[PDB]
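Here is the structure we will look at.
Per-chain numbering from 1; labels A, B, C, D, E, F and G assigned in written order.
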Amino acid sequence: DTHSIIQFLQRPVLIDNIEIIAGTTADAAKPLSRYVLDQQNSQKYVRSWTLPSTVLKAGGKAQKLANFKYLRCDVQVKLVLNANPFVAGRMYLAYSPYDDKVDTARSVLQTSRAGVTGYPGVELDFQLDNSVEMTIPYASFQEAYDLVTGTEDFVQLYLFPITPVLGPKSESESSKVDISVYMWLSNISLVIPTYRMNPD
Amino acid sequence: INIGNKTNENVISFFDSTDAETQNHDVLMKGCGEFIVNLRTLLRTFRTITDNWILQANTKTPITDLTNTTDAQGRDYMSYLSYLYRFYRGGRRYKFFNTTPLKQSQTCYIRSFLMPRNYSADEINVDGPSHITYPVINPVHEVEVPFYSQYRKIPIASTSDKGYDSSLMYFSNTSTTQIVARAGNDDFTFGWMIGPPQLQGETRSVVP
Amino acid sequence: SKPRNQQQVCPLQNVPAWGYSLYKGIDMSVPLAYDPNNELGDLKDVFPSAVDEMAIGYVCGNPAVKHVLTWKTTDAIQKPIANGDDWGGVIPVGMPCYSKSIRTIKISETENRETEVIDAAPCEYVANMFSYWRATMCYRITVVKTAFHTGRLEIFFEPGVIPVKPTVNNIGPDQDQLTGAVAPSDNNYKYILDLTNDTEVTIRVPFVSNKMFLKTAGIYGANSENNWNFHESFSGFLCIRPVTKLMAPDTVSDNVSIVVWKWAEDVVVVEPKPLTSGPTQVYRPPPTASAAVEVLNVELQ
Amino acid sequence: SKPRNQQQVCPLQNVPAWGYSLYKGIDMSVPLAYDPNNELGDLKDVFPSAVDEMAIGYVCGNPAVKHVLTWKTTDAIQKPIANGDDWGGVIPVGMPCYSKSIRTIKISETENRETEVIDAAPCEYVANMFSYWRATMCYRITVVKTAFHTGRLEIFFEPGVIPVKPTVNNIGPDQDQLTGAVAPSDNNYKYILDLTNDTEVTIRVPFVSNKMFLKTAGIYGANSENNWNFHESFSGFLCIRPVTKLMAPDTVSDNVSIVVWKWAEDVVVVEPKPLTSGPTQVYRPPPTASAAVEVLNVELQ
Amino acid sequence: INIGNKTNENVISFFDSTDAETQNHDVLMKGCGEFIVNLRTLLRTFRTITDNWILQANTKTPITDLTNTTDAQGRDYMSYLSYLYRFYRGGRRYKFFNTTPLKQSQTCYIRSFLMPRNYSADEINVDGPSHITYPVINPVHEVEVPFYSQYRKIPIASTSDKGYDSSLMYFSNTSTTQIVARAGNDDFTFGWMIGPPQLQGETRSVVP
Amino acid sequence: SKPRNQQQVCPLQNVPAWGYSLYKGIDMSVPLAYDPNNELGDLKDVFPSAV
Amino acid sequence: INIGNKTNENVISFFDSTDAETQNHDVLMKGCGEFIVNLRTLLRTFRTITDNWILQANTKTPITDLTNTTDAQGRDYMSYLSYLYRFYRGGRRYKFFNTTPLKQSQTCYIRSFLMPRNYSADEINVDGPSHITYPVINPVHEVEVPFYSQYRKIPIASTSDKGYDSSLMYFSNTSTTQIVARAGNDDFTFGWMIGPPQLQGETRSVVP
């Protein structure tokens, strides 16, 4: 019953697929800024995810824990890299609990490159790593996450470019990298039933 | 703080070394006399957050009115260190050093109460635990706020904390002005280390 | 009222809050509670970390990126890697912060307001609270490249003053003085990173000085007229110069990024007070590039 | 005057009544008696009770009637038993009080004075003194009938916000939202009382919430504009809906009363202070339905 | 409180349970720090019953003049909790925090005596046990009234108690104004639990 | 606030710095430090003299 | 003991559970009275390794002669538990309960010395620390062997240990017979857990 549900919630699901193009033109390769003098110049990221709702929406997990009220869990993340021998670069995957629920100055996007790189995270080198994993411990300050209300995301995940994506010089041809973001839950705690459920 | 990668194996240390520790201790014994090892100890030491807090008579004032500002500045240890973490937990201590001239035509006294964090003086009663001092005989008003919370930890500078934990409320029958110094109680601590913000140095007006 | 006093007269002193600045002792603050012994439990189950996250060594041991240099196949050998007129090719070895940016805003067409913004790393952020420091500085140098890039990078340590070029409002390195000819690194402690065998290297520099501790002022308020505290806060510097020019087929990039991480170990701080002329203050990005920031003073009343 | 002092100077502080708010410690009040150790004996022979009548668990365990509903053979199934626009069909699960009555009096032909009167049960009366609570709520549902009445009553628990219909001066349940169609109780924890087998049932609801403690504000000052503390004080609600319509020969009544008792167990309170904006106050019935009551404020001097 | 019927046997508890107790204690250890278990402890804690008690000079004032009112309001613990019981027993404690401006042209002092409950100042002597303080050096006048009674217990707010037990009588040579806080002595307690009264919430003037 | 005072009244005297001229005793000066027991080591290695 | 694989994630526990711990403690409080939690404590408790150790007069006997055998049997705790680890560290304690009939025509005494582990009585002197008892007045000879070693740890039942650490040497002027019980000193412990061997049950002669 509940066990089979918890097992299903631990199933990895492709949450996203990001394509990095050596062409260093858009804010796609924008690398972390050394400083942040104003909020108009926040830190640029390749992609971000508001957890745990993001993972509760993929693989049809939300419909699995329907009629349940509270959830407690750690978010598991895995990046599978697929790069060609000609594109070099290194990124940083970090998370920030309630990053959007605190004083602006205390946000990861409102600090220096030294600060951002100081958050809990893992590095990713295109020519060294084939994949990197990371665990996000239950970061809520509440005893549990309200599944029906779904307005309690307690952690933000970010993917920042430490260095610019270096590829061969050309205008006729583009060098690609791309990536596969997988996520799932662990340390799952599901409890209490309810006839109501998060509309989604 | 790295949580995924495997620590670098190619490490080289210059100089034939020592017990960098033995030498360190040797130095504190000749030029310090104390050994600061844990930053939490600085959450026990009191530090001023304002050399002058002006207040009017008969005004129930929540310290958040002062705290919200000082928490962002990063002047004292509680504020400065809070920027390295995301959550806090435990009570708080405050000391108000009176600097208000005392008129004999009055009997100035200071009262302190509890009140849900971020509540306004007009939406809370004046009962529960309380402390009172008379600046004429006791210039320092020392009070502690226990950690009465609905949660085991609160986000530092959270934007949703509405009466989740307890806070302090100040009051005096006369218009006061005091030096405010704070610290955490013997249980106060920060948790879940994150990246530090940017530091602000000197400012000045120039040419152009 | 049975027997009379036999107790001696005791000498008094009216000193409320005696030593409130100390970390240990007995506090006289009245607890607004029910139980005189009100007390919470341990941090177990409150925070996920299995280590004391407030230990000075833990905080200063947190790695952070200070530089992301660009090494071209065009750069010359035995010449500190150019990074404008800032640091990175040349890195001041020390716990205090050495790099800063100046935020200039208009006020009138007859004046501007310059504010120093220092991008502190965890260890540099901590050192700012004390007057003097002593520690083993650690630096990790990564070369973001491909398997086709070749060449050799040199990183050596030079104790003493750092050749600099002070500015009206800052301080930078004097690269011209750190070239293979005027600055031979034959006898200096060094490491040669060969892109063919390694991609990384962690260099640990123990505390070496004719002083027991060094100042923590760092780059704070350092410029043409005030650059002495800067020199009194480092003990030396690291220099990154190519030994073998960067080679790269045209199938790849003619560039490679050099990332530099910084942190400290065997840390010890002295005094409980900033060495700066102003209070420790956190820079808070205003909403607009024109919005003004708050300026704190050291005025008592 | 034989030997001179060898005692050190001791630091003082003028703080009379230090921590008078605490329950334990040493009181400095001068006893207006004869013996410094004046003291009475135990409560044995003073009070008949063989149990400490002031224990929080004992007081909150005292049962009290909150509702006396009317179940007709006319009421529809899967529809919360109607009790006007008040509670009972729908019961907010929580220690704080949720029901109140408004006493309106005239003053001028241009204004009226509304006073909230809350009919607290022993446990609700206690919870009012503290800021937060945590406990196992107990409810006993009795069906006053005859051996000829048949039918089945359903009582289920729903965690979370309670569907309500705020008023200019109160808050009631949104029955239309709690009907068998829009509110299926198939997965919810429930009990079905069959008038053919039982007349009573005691339902115990343990504390379940994503919070460690819940507020104790309850219905106090709750209305259209202020209904947030209300929701922050309960964690859920119980719903009494007929599964099988009420059957009754005409030899008996076409009615049956449903009595609901309330009390708490495994009680724990936090803080020593009301969470309300005003002081705890006991409503005292004036001599006349027009006589005015005393209004307390929170003004200091 | 049921005294005749046989407790219900048909009891059902929702949710697979626990040691609701183990979890409770776990919570107080993270969000409280203390464990309130007996309401009698709140008869030891002091609470204000009036933030301003105005009195004239040379006026022997029985505290029943203040007590009779505050006992009915239900603001403090002694009053609030008294409504749940029928009898009381034991002594009482009072603390008067002076808020009266002090003139140097005077020497203000506070005297407190004993007097049969519900007696008038004019029908009792000024002898027996007594306490005295000088607000200029000691702002707080703390005194305790022993339980000298003709009966082992007295009805709460009884209408026949005429000098059955002892009470307090206040006095000052100057016109005073103080914050009054009370509590029971280490023997004070209530007994014989009954049904609670009704609670009063907010009051306001409206339309019509 | 459980039991009442049983302690006798103690006689006072306002004499700050009582005997500050003496070489031995307990000093009441507040240390502007971190540790209440701040203290250096011996003179060994500080001065060359062996006496 | 797994050191490489990632612990299984598909775990299911039958029965609605509890604080298997709360119930456990509840049981020891009703049917035990003590809470054994660490096996090292059994290296402090003494246990017999031989109910009869026969020795001749004037014979310097190293206990390894007895120890080598008993260490393999697995009867006592030191032997039994040693099979779960690879290294040992710390001193040892021995108690010899005399069971030798005492002739008044003699003065029986017991002497114990130190000697390099695995050395023979004929290749070591009789000096250094020593203890002596007289069975006629003290039937129990209790002695402890410190951990004097060239290494921080020794392999359990190593085949190369030749005088690396200290051992005990027994001696008596008369022919003795005693019950020998041993244990480790307050520093003795095993380290580096490995796989357990096989246990031996009952043995018997049968048909065929």
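By definition in this document, contacts are C-beta pairs under 8 Å (C-beta built on N, C-alpha and C of every residue); 3 or more make two chains touch, one makes a residue touch a chain.
Enquirer: Among the listed pairs C-E, B-C or B-D, choose the one whose interface is a repeat of D-E, with over half of the contact pairs the same by residue number.
Expert: B-C
Enquirer: Could you name the chain whose Cα mean is nearest to the mean of all protein Cα atoms here?
Expert: Chain B is the most central one.
Enquirer: What's the distance between the Cα centroids of chain E and chain F, rounded to whole Å?
Expert: The mean C-alpha positions of chain E and chain F differ by 44 Å.
Enquirer: Quick one: chain B and chain D, Cα centre-to-centre, how many Å?
Expert: Each chain reduced to its C-alpha mean, chain B and chain D end up 37 Å apart.
Enquirer: Taking the mean of the C-alpha atoms as each chain's centre, how many Å separate chain C from chain E?
Expert: Inter-chain centre distance comes to 59 Å.
Enquirer: Centroid from C-alpha atoms only, then distance chain C to chain G, rounded to Å. What do you get?
Expert: About 56 Å separates the centre of chain C from that of chain G.
Enquirer: So which bits of chain F are touching at least two other chains?
Expert: 1-4, 15-18, 28, 33-35, 37
Enquirer: Multi-chain contacts in chain A: which residues touch at least two other chains?
Expert: In chain A, residues 35-36, 105, 110, 112, 114-115, 117-118, 142-143, 192 touch at least two other chains, as defined above.
Enquirer: Mind giving me all the chain pairs that touch?
Expert: A-B, A-C, A-D, A-G, B-C, B-D, B-E, B-F, C-D, C-E, C-F, D-E, D-F, E-F, E-G
Enquirer: Give every residue of chain D touching chain E within the complex, in rising order.
Expert: Touch list, chain D to chain E: 16-17, 20-24, 27-34, 38-40, 43, 45-49, 52-59, 62-64, 97, 100, 107, 111-122, 125-126, 128-130, 132, 134, 136, 140, 157, 169, 189, 191, 198, 200-208, 212-213, 219-221, 265-266, 268-272, 276-285, 293-296, 299-301.
Enquirer: Which stretch or stretches of chain A touch chain D in the complex?
Expert: For this pair, the touching residues of chain A are 67, 69-70, 142-146, 148-149, 191-196.
Enquirer: Could you list, by residue number, the parts of chain C that touch chain D in their complex?
Expert: Touching chain D: residues 8, 10-18, 28, 30-37 of chain C.
Enquirer: For the complex, give me every residue of chain C touching chain A.
Expert: Contact set of chain C toward chain A: 48, 62-66, 68, 101, 103, 117, 119-122, 142, 144-149, 199, 250-257, 259, 261-262, 282, 284-289, 291.
Enquirer: Looking at the complex, which residues from chain A come into contact with chain C?
Expert: For this pair, the touching residues of chain A are 22, 31-32, 34-41, 85-90, 104-105, 110, 112-115, 117-118, 125, 127-128, 137-138, 162-164, 166-169.
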